[PDB]
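A.B. asks: Provided herewith is a single structure, encoded as structure tokens, for subsequent inquiry.
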Amino acid sequence: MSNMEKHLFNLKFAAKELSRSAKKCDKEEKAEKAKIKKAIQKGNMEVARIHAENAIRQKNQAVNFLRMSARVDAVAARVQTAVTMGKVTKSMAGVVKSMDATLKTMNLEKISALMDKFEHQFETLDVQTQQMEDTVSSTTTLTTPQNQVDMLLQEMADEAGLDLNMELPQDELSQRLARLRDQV
Amino acid sequence: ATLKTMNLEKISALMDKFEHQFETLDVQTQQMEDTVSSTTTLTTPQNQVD
Amino acid sequence: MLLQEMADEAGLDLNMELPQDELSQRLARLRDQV
Amino acid sequence: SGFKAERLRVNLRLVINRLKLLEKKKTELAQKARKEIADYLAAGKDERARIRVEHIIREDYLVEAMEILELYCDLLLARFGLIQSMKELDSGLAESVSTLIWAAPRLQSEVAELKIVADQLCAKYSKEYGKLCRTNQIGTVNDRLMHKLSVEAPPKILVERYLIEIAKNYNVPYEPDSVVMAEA
């Protein structure tokens, strides 16, 4: 527990202790009022007065305790802010230094390099899979003759009611720009 | 004590640094996102998305 | 520079590059004035 | 010289933030204080109400002075390029720079950063100019601000007029001093 958190806890406790003290005065002021009534009925006017003074003294003590409780709470609410924004400020100071380290050892130039390399190596691994796929295609060339695939596609297209010819092979802005390149 | 070892000038500095470093980490994610976009350019043709 | 660095971390505004009572000065003036 | 542009820039920002809080706080404390004047008037304690009003007039003038210094800080921030560019004082900054130097020894109790701002301006320009400012031998400090941070007692006709208007707002009977109101 931080040294301010110890103070915060003590202030919050003191605010409650005062609030309890005010409630206890309300309880006892109600009790003394009952004793005035009894003393008046018995004609004990000296005792009636003693209880009257108690009742008025606890009525007013309550208000004092209640007002101090309010003040100590307001303070505690403000020390709470300091405790919280302390923690937030220290966390953000931590973030700033750990990001400062990482942005040194991986600067944007080094990231640019890494990204370009990443992309170029995946271009390679695409050239590689292409030539594996063409090695398998030619190795198994007798197992899948072209004409049998073309005829099966046409048969399945006929059953699907699709007019697209499967034996035969199967935008404008690109063509416009192409013409421009040649025309200049 | 705390307001000595973290005065408002030192806080001002820290805050400016904090902000500038997050501007950097946004330039960084932008260029990672453009590296992935161009690396996978054949998997998402523009006309098929449109 | 080390003193300034340690002063910055301590939150102390005293400049460490630069160099860092009245009765004495009054009596000094008296000596010259007579 | 000892002038550091980023010390001046950081502290000008701090001064603005602190003045913006003090304006708000001192405006709210004047609301609370004007009710206290009405309480003295209700109690018929008019001679003390006069002296309590002088406190309110001074804090009201102070808030108006803070609004002027916050404007001159924001002007130096707006034209900060000229400060760090030239070695001569630009005529557009003369009022702002001289006023901030003049005000600093008055306000430095409340606005600690304003001491630092004046130190930096007295480093950028000459220490000699820094003395001509503090005495307004430079003949350039803003007059309306010098009036508002004067140490003299308010005109007694202003005190009466304050009481009259506070009396109206809180619906409290007040009769002003005829000897003073004759000077209107």
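Following the order of the structure tokens, first chain is A, next is B, and so on, with residues numbered from 1 inside each chain and ligands from 1 in the order they appear.
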Can you check which residues of chain A have any atom within 7 Å of chain B? Use only C-alpha atoms and format it as a list in words.
C.D. replies: residues 93, 96, 108, 115 and 119 of chain A
A.B. asks: Just the selected residues (N, CA, C and O atoms), exported as a PDB file, in the first residue's frame, please.
C.D. replies:
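Saved file selection_0.pdb follows:
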```
ATOM      1  N   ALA A  93       4.148   6.868 -18.368  1.00  0.00           N
ATOM      2  CA  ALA A  93       5.581   7.089 -18.477  1.00  0.00           C
ATOM      3  C   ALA A  93       6.279   5.785 -18.820  1.00  0.00           C
ATOM      4  O   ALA A  93       7.304   5.789 -19.487  1.00  0.00           O
ATOM      5  N   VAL A  96       5.809   5.071 -22.491  1.00  0.00           N
ATOM      6  CA  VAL A  96       6.556   5.937 -23.375  1.00  0.00           C
ATOM      7  C   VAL A  96       7.964   5.390 -23.493  1.00  0.00           C
ATOM      8  O   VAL A  96       8.533   5.500 -24.573  1.00  0.00           O
ATOM      9  N   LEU A 108      11.537   2.623 -38.569  1.00  0.00           N
ATOM     10  CA  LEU A 108      10.682   2.519 -39.723  1.00  0.00           C
ATOM     11  C   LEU A 108      11.475   2.076 -40.945  1.00  0.00           C
ATOM     12  O   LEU A 108      10.888   1.503 -41.860  1.00  0.00           O
ATOM     13  N   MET A 115       9.544  -5.582 -44.527  1.00  0.00           N
ATOM     14  CA  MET A 115       8.312  -5.766 -45.264  1.00  0.00           C
ATOM     15  C   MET A 115       8.628  -6.082 -46.716  1.00  0.00           C
ATOM     16  O   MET A 115       7.954  -6.911 -47.308  1.00  0.00           O
ATOM     17  N   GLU A 119       7.707  -9.651 -48.723  1.00  0.00           N
ATOM     18  CA  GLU A 119       6.913  -9.751 -49.923  1.00  0.00           C
ATOM     19  C   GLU A 119       7.672 -10.491 -51.010  1.00  0.00           C
ATOM     20  O   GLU A 119       7.081 -11.284 -51.736  1.00  0.00           O
TER      21      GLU A 119
END
```
A.B. asks: Each residue of chain C with at least one atom at most 12 Å from chain D should appear once, together with its nearest atom pair and the corresponding distance in Å (one decimal); atoms considered: only C-alpha atoms; ordering: chain, then increasing residue number; output as JSON lines.
C.D. replies:
```
{"residue": "C:13", "atom": "CA", "partner": "D:116", "partner_atom": "CA", "distance": 10.4}
{"residue": "C:15", "atom": "CA", "partner": "D:2", "partner_atom": "CA", "distance": 9.8}
{"residue": "C:17", "atom": "CA", "partner": "D:2", "partner_atom": "CA", "distance": 10.5}
{"residue": "C:18", "atom": "CA", "partner": "D:2", "partner_atom": "CA", "distance": 9.7}
```
A.B. asks: Specify as a PDB file with N, CA, C and O atoms, in the first residue's frame all residues of chain B found within 7 Å of chain C, counting only C-alpha atoms.
C.D. replies:
```
ATOM      1  N   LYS B   4       7.689  17.419  -7.448  1.00  0.00           N
ATOM      2  CA  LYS B   4       9.071  17.763  -7.750  1.00  0.00           C
ATOM      3  C   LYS B   4       9.591  16.804  -8.813  1.00  0.00           C
ATOM      4  O   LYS B   4      10.041  17.248  -9.858  1.00  0.00           O
ATOM      5  N   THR B   5       9.491  15.500  -8.576  1.00  0.00           N
ATOM      6  CA  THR B   5      10.121  14.552  -9.474  1.00  0.00           C
ATOM      7  C   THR B   5       9.318  14.361 -10.760  1.00  0.00           C
ATOM      8  O   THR B   5       9.766  13.643 -11.655  1.00  0.00           O
ATOM      9  N   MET B   6       8.110  14.917 -10.840  1.00  0.00           N
ATOM     10  CA  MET B   6       7.374  14.922 -12.089  1.00  0.00           C
ATOM     11  C   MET B   6       6.747  16.285 -12.293  1.00  0.00           C
ATOM     12  O   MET B   6       5.533  16.411 -12.178  1.00  0.00           O
ATOM     13  N   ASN B   7       7.546  17.301 -12.584  1.00  0.00           N
ATOM     14  CA  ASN B   7       6.957  18.621 -12.605  1.00  0.00           C
ATOM     15  C   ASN B   7       6.184  18.798 -13.904  1.00  0.00           C
ATOM     16  O   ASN B   7       6.174  17.925 -14.738  1.00  0.00           O
TER      17      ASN B   7
END
```
A.B. asks: Please, which residues in chain B fall within 10 Å of chain D when counting only C-alpha atoms, and what is the closest atom pair and distance in Å to one decimal for each, ordered by chain then residue number, as a Markdown table?
C.D. replies:
```
| residue | atom | partner | partner_atom | distance |
| --- | --- | --- | --- | --- |
| B:8 | CA | D:14 | CA | 7.6 |
| B:9 | CA | D:10 | CA | 6.7 |
| B:10 | CA | D:10 | CA | 9.7 |
| B:12 | CA | D:10 | CA | 7.2 |
| B:13 | CA | D:10 | CA | 8.4 |
```
A.B. asks: Next, write the just-selected residues to a file, as a PDB file, in the first residue's frame, keeping N, CA, C and O atoms as the atom set.
C.D. replies:
```pdb
ATOM      1  N   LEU B   8       5.499  19.919 -14.045  1.00  0.00           N
ATOM      2  CA  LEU B   8       4.617  20.099 -15.168  1.00  0.00           C
ATOM      3  C   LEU B   8       5.405  20.166 -16.470  1.00  0.00           C
ATOM      4  O   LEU B   8       4.847  19.858 -17.520  1.00  0.00           O
ATOM      5  N   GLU B   9       6.657  20.639 -16.426  1.00  0.00           N
ATOM      6  CA  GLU B   9       7.467  20.713 -17.628  1.00  0.00           C
ATOM      7  C   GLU B   9       7.841  19.304 -18.054  1.00  0.00           C
ATOM      8  O   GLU B   9       7.770  18.963 -19.231  1.00  0.00           O
ATOM      9  N   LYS B  10       8.214  18.492 -17.085  1.00  0.00           N
ATOM     10  CA  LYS B  10       8.558  17.124 -17.372  1.00  0.00           C
ATOM     11  C   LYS B  10       7.339  16.334 -17.859  1.00  0.00           C
ATOM     12  O   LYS B  10       7.487  15.444 -18.685  1.00  0.00           O
ATOM     13  N   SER B  12       4.800  17.799 -19.508  1.00  0.00           N
ATOM     14  CA  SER B  12       4.526  18.293 -20.844  1.00  0.00           C
ATOM     15  C   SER B  12       5.363  17.526 -21.860  1.00  0.00           C
ATOM     16  O   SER B  12       4.875  17.150 -22.922  1.00  0.00           O
ATOM     17  N   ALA B  13       6.634  17.326 -21.518  1.00  0.00           N
ATOM     18  CA  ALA B  13       7.566  16.622 -22.373  1.00  0.00           C
ATOM     19  C   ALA B  13       7.085  15.198 -22.604  1.00  0.00           C
ATOM     20  O   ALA B  13       7.017  14.751 -23.741  1.00  0.00           O
TER      21      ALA B  13
END
```
A.B. asks: Could you name the residues that touch residue 78 (chain D) at 12 Å or less, counting only C-alpha atoms, but leaving out those on the same chain fewer than 2 positions away, as a list in words?
C.D. replies: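 Near neighbours after the sequence-gap exclusion: residues 9, 12, 13, 71, 72, 73, 74, 75, 76, 80, 81, 82, 83, 92, 93 and 96 of chain D.
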A.B. asks: Go ahead and compute the interatomic distance for CA of residue 50 (chain B) and CA of residue 172 (chain A), in Å to one decimal.
C.D. replies: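 Atom-to-atom, CA of residue 50 (chain B) and CA of residue 172 (chain A) are spaced 16.1 Å apart.
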A.B. asks: Just the number, please: distance in Å from CA of residue 28 (chain A) to CA of residue 42 (chain A), one decimal.
C.D. replies: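 Rounded to one decimal, the two atoms are 21.4 Å apart.
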A.B. asks: Provide the CA of residue 68 (chain A) to CA of residue 84 (chain A) distance in Å, to one decimal place.
C.D. replies: 24.4 Å
A.B. asks: List the spatial neighbours of region 125-137 of chain D as a PyMOL selection string - criterion: any atom at most 10 Å away, only C-alpha atoms, same-chain residues fewer than 4 positions off excluded.
C.D. replies: chain D and resi 1+3+83+87-89+95+97-105+118-121+141-143+146
A.B. asks: Name the residues of chain C that fall into alpha helix (DSSP H) according to DSSP on the backbone, using the chain letters and numbers of this document, as a list in words.
C.D. replies: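 Those residues are residues 2, 3, 4, 5, 6, 7, 8, 9, 10, 22, 23, 24, 25, 26, 27, 28, 29, 30, 31, 32 and 33 of chain C.
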A.B. asks: Nearest to residue 38 (chain D): which of D:171, D:177, D:183, D:107 is it, counting only C-alpha atoms?
C.D. replies: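 Of D:171, D:177, D:183, D:107, the one nearest residue 38 (chain D) is D:171, counting only C-alpha atoms.
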